[PDB]
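Student: Pasting in a structure now, in structure tokens, and then I'll have a few things to ask.
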Amino acid sequence: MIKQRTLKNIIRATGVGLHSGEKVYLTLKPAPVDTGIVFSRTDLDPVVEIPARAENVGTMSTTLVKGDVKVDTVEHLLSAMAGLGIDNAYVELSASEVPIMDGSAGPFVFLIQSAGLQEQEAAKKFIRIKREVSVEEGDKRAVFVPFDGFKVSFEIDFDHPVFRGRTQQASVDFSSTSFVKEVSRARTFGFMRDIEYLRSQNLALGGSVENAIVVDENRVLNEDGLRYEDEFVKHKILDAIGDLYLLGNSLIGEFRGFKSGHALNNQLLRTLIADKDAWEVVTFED
Ligand SMILES: NCC(=O)Nc1cccc(OC(F)(F)F)c1
Ligand SMILES: [Zn+2]
């Protein structure tokens, strides 16, 4: 059977919160079969657990919420879990946000590969898209289509000159393309306009050229930090893989994003969940 996977060892990392700009302690731990990914606040008393599920989502990022308790910036760590096939894990945090690390899934990939993968004696569950499901918000669209595999496409025509008056497009089919090699290390674009406004309000205190490609009114300030061609759209694909993992299982299907973001992604998850004839849970015997 294709088996569930968890981590082989506990790993401890530290970084800084995107919003607080202060130290956060990150601990990844093995977890039992059918746990999913579960976030816990070990700075709180008693410790508060929030499963990484679509119905626990409460802007420019994905936030999990249970009452007055939150975990911000879950999408890059969930992308790494999805891209390495981790079904089951505990994520312990000393604060209300995942550390930003270098702004990609890369550091989480490295931590998981370093901890090692442990096979579990239970069949891995997949969510198979059986029919098309789409959501729209003005000119924005997000779509699930049936596909024998896992494929993530993204397109945006954005009217800032960094983009040269051209639509940015990328497609990744994970049967041919490596998540680790071709997606995991993509950083997002941070517009000075937006960052300066947040910092004036004592927000986004952790953001910098260390964790984003910083762009002014016209252009990229440090091209030396660029890792990929079409890096902005590769980051949107990284983001979407993380958001899709809130379904709780690996997807058998195709995602198509048209100027979509965290908000329209989560609306697509909720529309899929409601349309119960559009998906099924399947296992494989190799
Ligand atoms: N998925 C959304 C995302 O990756 N956002 C993000 C990443 C790094 C830095 C940052 O903040 C800032 F630097 F841009 F301000 C915001
Ligand atoms: Zn992101």
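Residue numbers (the deposited numbering): 1 to 58, 61 to 288.
Every residue, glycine too, gets a C-beta built ideally from N, C-alpha and C.
By the three-class DSSP mapping on this structure, what secondary structure does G259 have?
Tutor: DSSP places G259 in strand when its eight states are reduced to three.
Student: Use the C-beta contact count for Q4: other C-beta atoms within 10 angstroms, 16 or more gives buried, fewer gives exposed.
Tutor: Its Cβ being crowded by 16 or more others within 10 Å, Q4 is buried.
Student: Could you check what DSSP says for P101 in three-state terms: helix, strand or coil?
Tutor: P101 falls in the strand class under three-state DSSP.
Student: Verify whether the separation of the beta carbon atoms of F128 and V284 is less than 8 angstroms.
Tutor: In contact: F128 and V284 (Cβ atoms closer than 8 angstroms).
Student: Quick check on the burial criterion: 16 or more other C-beta atoms within 10 angstroms. Buried or exposed for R189?
Tutor: Buried is the call here.
Student: Relative to ligand 2, what is the chain-ordered list of residues with a Cβ closer than 6 angstroms to any of its non-hydrogen atoms?
Tutor: Every residue passing the under-6 angstroms Cβ criterion appears here: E77, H78, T190, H237, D241.
Student: Does at least one heavy atom of ligand 1 sit under 7 angstroms from the Cβ of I197?
Tutor: Answer for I197: yes, Cβ within range of ligand 1.
Student: Please determine whether the Cβ atom of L18 lies at a distance below 7 angstroms from any heavy atom of ligand 1.
Tutor: At least one heavy atom of ligand 1 is nearer than 7 angstroms to the Cβ of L18, so yes.
Student: Helix, strand or coil: how does DSSP classify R195 here?
Tutor: The answer is helix: DSSP assigns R195 an H, G or I state.
Student: In this structure, how does DSSP classify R272 when only helix, strand and coil are distinguished?
Tutor: The answer is helix: DSSP assigns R272 an H, G or I state.
Student: Once the 5 residues before and after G108 are set aside, which same chain residues still bring their CB inside 7 angstroms of it?
Tutor: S186, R187.
Student: Using DSSP with H/G/I as helix, E/B as strand and the rest coil, what is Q115?
Tutor: In this structure, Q115 counts as helix in the three-state DSSP scheme.
Student: Secondary structure at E231, three-state DSSP: helix, strand or coil?
Tutor: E231 falls in the coil class under three-state DSSP.
Student: Answer yes or no: do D245 and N268 have a C-beta to C-beta separation smaller than 8 angstroms?
Tutor: Their beta carbons are under 8 angstroms apart, which means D245 touches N268 by this criterion.
Student: So the candidates are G259, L253, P32, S252; which of them puts its Cα closest to the Cα of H237?
Tutor: Selected option, being the one with the closest Cα: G259.
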